[PDB]
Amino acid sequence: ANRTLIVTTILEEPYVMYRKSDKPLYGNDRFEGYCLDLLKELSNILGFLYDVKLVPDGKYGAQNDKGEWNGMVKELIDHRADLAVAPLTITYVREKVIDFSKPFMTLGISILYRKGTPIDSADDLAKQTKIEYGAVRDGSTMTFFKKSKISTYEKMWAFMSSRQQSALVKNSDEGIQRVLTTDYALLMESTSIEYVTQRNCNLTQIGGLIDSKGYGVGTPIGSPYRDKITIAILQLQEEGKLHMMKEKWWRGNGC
C-alpha cells in the first residue's frame, strides 16, 4: 500500500490559490494554479498520490540567529512534508539544509517601475536620488544587494538601507502597491514582475535580469523522491509543458 505524500505549499498567486466555488470544497480540490498543475503532471509521470497542506506559518523559509528555520523549509527539515511544491527560490543557504530538485523555473532580479521614465537600468537608478527604489526587506533580492561587491549595487544597497530602510517594503504585494501609487521602483524576482506587467499596462520591467536563480521543488535531505522529481521536471521541460503552464497562468488580457 503506497503512502500518500504530504506536499507543503503556500498561498501565492498564481502558483497556489483557493478556487472560486458556490459549494464547499475539500482536499486538493480546494486549490488551483501553476503549482497544482505541476503537481498533477509530476504525479502522472511518477505515480504518487498526494495531500496538499498549506504551511502553517505562511512562510517560505528563513533561519533566525539561532540557526532555526521556519516556513516550508522547516516542514521539510522536520519531515512533516515530503515535497515543497511552491515557487521556492534555490539559494545557497536553503540548499544546504534541504535537497532541491532541478529548477522548474529560471528567473532573476529585475526592476518593476512606471513606463516613460529616464530610468533604463539599475545604474540609472543608482546615480540619482529623486526616484525612490528598494526591495522587499529580508528577501532574496535584498540579500543580493546586501552582499554584492559590485560598485553600482553597493551604492544602491547604501541608498536602500539609509533613513531607517524607508525604501524597503514589507513584502511583494505592498511593494507593488507602492509602485502603483508613488514614485517608487521595486527590485524583485522577475516572475513576480512579469505577472504584474501582464495586468498593469502602465508598468514595465526595466533592464534585464541582474542575477540568475531558479525555483525548485524542495525535499528533505536524503529524500528518495528528489532525483525522480528532477527527472520528471526535465521530461516536462523537454516536452514544452512547463513553458505552456507558465503561459497559461501568467498571460493577462493584453495591453
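When you see a residue number, it is the position in the sequence shown, counting from 1. Each form is matched to the other, and the largest set of C-alpha atoms that superpose within 1.5 Å is called the rigid core.
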By Cα RMS to this form in 9 other deposited structures of this protein after fitting the core, the stretch ranking higher of 170 to 178 and 67 to 75 is 170 to 178
Overlaying the structures in 9 other deposited structures of this protein on the rigid core, point out which of 52 to 60 and 200 to 208 has the bigger RMS C-alpha shift.
-> 200 to 208
Quick one: say whether 220 to 228 or 63 to 71 has the higher mean Cα B-factor in the deposited entry.
-> 63 to 71
4 to 12 set against 246 to 254, stretch whose average Cα temperature factor tops the other in the entry | 246 to 254
Considering only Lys96, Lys115, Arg178, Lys155, which residue's Cα atom bears the greatest B-factor as recorded?
-> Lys155
Comparing C-alpha B-factors across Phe159, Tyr184, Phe100, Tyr92 in this entry, the winner is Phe159
For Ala122, does the deposited CA B-factor place it in the lowest, middle or highest third of the chain?
-> middle
Could you say whether, by C-alpha temperature factor, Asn200 belongs to the lowest, middle or highest third of its chain?
-> middle
Chain-relative C-alpha B factor for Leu46 (record values, thirds): the highest
Would you please rank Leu209 by its C-alpha temperature factor against the other modelled residues of its chain and give the third it falls in: lowest, middle or highest?
-> middle
Using the B-factors in the PDB entry, rank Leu39's C-alpha atom against the chain and give the third, lowest, middle or highest.
-> lowest
